[PDB]
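Notes follow the structure.
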Amino acid sequence: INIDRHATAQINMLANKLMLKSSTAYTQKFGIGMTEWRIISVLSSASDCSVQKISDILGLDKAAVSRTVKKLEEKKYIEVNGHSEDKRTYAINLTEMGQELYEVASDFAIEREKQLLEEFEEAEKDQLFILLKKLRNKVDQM
Amino acid sequence: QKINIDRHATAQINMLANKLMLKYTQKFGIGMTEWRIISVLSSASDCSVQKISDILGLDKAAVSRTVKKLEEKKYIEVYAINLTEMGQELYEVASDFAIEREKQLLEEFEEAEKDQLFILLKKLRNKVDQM
């Protein structure tokens, strides 16, 4: 059966294989899984990361984010910031060790991304981001 | 910080696959977790419970249970996990049946844009194979 022109199928097989390889890579190099890495990278980039905000950004459901954030808490990479004395909700933050992890693992993330796009011309990269965002806009409508 | 997520193709791809996933399948006699696992197994060979649990953000116990259930249903065999021919058929048939959702997804795309999308996705899959 031909699913070459099946966008969902193509994108899912691409994403799944990339994620599986990354699971191995991050685990062997840094002792964390791919999903742990995705969350750490979100925490380094954004402010007031609730579980909701991390889920919105990554597309993983809240249960998945919550379970991973708990693991990262146990590994002492993140801590829950209650903001007890502030007119705002709790937030998840990197600990000092989680920040160090990000510092060292981000170089590896950057190299893998460079590798993924090795054969792309500059305009092809631009075209790629535009088309993914168009897809991302339609999905939000479905 | 060091990485701009908005211009990080790895991140956009993975997010889009997840977002497409949370949006038929009960039609074919399996639930969401079963479908997600089937999908992962279709993407690459000799998967492990550990890897699947990682990338799906699921606990190992849940993954193991679901894997067993898919064994019983004749979709999987076995620790390297692979799809049976019938597991692979399930993925293709259920995808082929869901074609109307694909047309909806690509509604705002001209033919030239669809062509570009598939050209670019193919470059990406080719490269992932080499990584």
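Just so you know, the protein sequences line up as chains A and B, in that order. Oh and the first sequence: position 44 is 44 in our numbering, straight run, nothing missing. Throughout, our numbering is defined as the position within the second sequence, counted from one, plus 1000. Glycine included, every Cβ here is placed at the ideal spot set by N, Cα and C.
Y77(A) classed as buried or exposed, judged by whether at least 16 other C-beta atoms fall within 10 angstroms:
buried
Continuous beta strand (DSSP E) stretch holding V1078(B): start and end
Counting along the chain, no beta strand (DSSP E) covers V1078(B), and no H or E run does either.
Should the region 1107 to 1120 of chain B be regarded as contacting the region 122 to 135 of chain A, the criterion being three or more beta carbon pairs within less than 8 Å?
yes
Check distances from the C-beta atoms of the region 101 to 125 of chain A to those of chain B and list, in chain order, the residues that come in under 9 Å.
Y102, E103, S106, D107, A109, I110, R112, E113, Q115, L116, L117, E118, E119, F120, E124, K125
In the DSSP output, what is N1082(B) paired with across the bridge?
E1077(B)
Taking buried to mean at least 16 other C-beta atoms within 10 Å of its own C-beta, is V1093(B) buried or exposed?
By the neighbour-count criterion, in which a residue is buried when 16 or more other Cβ atoms sit within 10 angstroms of its Cβ, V1093(B) is exposed.
Hey, out of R1007(B), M1015(B), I1013(B), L1020(B), whose CA is closest to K138(A)'s CA?
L1020(B)
Using a threshold of 7 Å, state whether the C-beta atoms of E79(A) and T95(A) are closer than that.
With contacts defined by Cβ atoms closer than 7 Å, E79(A) and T95(A) form a contacting pair.
At the level of alpha carbons, what is the spacing between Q1012(B) and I1005(B)?
Between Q1012(B) and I1005(B), the C-alpha separation is close to 8 Å.
Would you tell me roughly how many angstroms separate the C-alpha atoms of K29(A) and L20(A), rounded to the nearest one?
14 Å
Starting from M1032(B) and walking both ways along the alpha helix (DSSP H), at which residues does that stretch end?
1032 to 1043
Listed by chain order, chain A residues near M1015(B) by CB distance under 8 Å:
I57, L58, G59, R136
Bounding residues of the alpha helix (DSSP H) (the contiguous stretch that carries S84(A))
Unbroken run through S84(A): none, as it is neither H nor E.
With 9 Å as the limit, tell me which residues of the region 67 to 96 of chain A have their beta carbon closer than that to any beta carbon of chain B; keep them in chain order.
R67, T68
To which residues of the same chain is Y1079(B) closer than 8 Å at the C-beta, ignoring the five residues directly before and after it?
Scanning its chain for C-beta atoms nearer than 8 Å, with the 5 sequence neighbours on each side dropped, one finds around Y1079(B) the residues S1048, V1049, in chain order.
Under 7 Å between the Cβ atoms of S45(A) and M34(A)?
For the 7 Å CB-CB criterion, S45(A) and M34(A) do not form a contact.
What are the boundary residues of the alpha helix (DSSP H) that includes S50(A)?
Per DSSP, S50(A) belongs to no alpha helix (DSSP H) and is neither H nor E.
Between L116(A) and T1010(B), is the Cβ-Cβ spacing less than 7 Å?
yes
Can you tell me the Cβ-Cβ gap for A25(A) and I1003(B), rounded? I've got them flagged as a contact below 8 Å.
About 16 Å separates the two Cβ atoms, so there is no contact after all.
Indicate whether at least one CB of chain B lies closer than 7 Å to the CB of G33(A).
At least one CB atom of chain B sits nearer than 7 Å to the CB of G33(A).
Please state whether the Cβ-Cβ distance between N1018(B) and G82(A) is less than 7 Å.
no
Apart from the five residues on each side of it in sequence, which residues of its chain come closer than 8 Å, Cβ to Cβ, to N1082(B)?
Sequence-distant partners of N1082(B) (beyond 5 residues in either direction) whose C-beta falls short of 8 Å from its own C-beta, in its chain, are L1041, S1045, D1046, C1047, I1076.
In chain order, what residues of the same chain have a beta carbon less than 8 Å from the beta carbon of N1014(B), not counting five sequence neighbours either side?
Spatial neighbours of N1014(B) in its own chain (CB-CB distance under 8 Å, excluding positions within 5 residues in sequence) are not present.
Other residues of its chain near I32(A): CB distance less than 6 Å, five sequence neighbours each side excluded
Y26
Kindly indicate which three-state DSSP category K1002(B) falls into: helix, strand or coil?
For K1002(B), the secondary structure class from DSSP, reduced to helix, strand or coil, is coil.
Could you tell me if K114(A) is buried or exposed, where buried requires 16 or more neighbouring beta carbons within 10 angstroms of its beta carbon?
exposed
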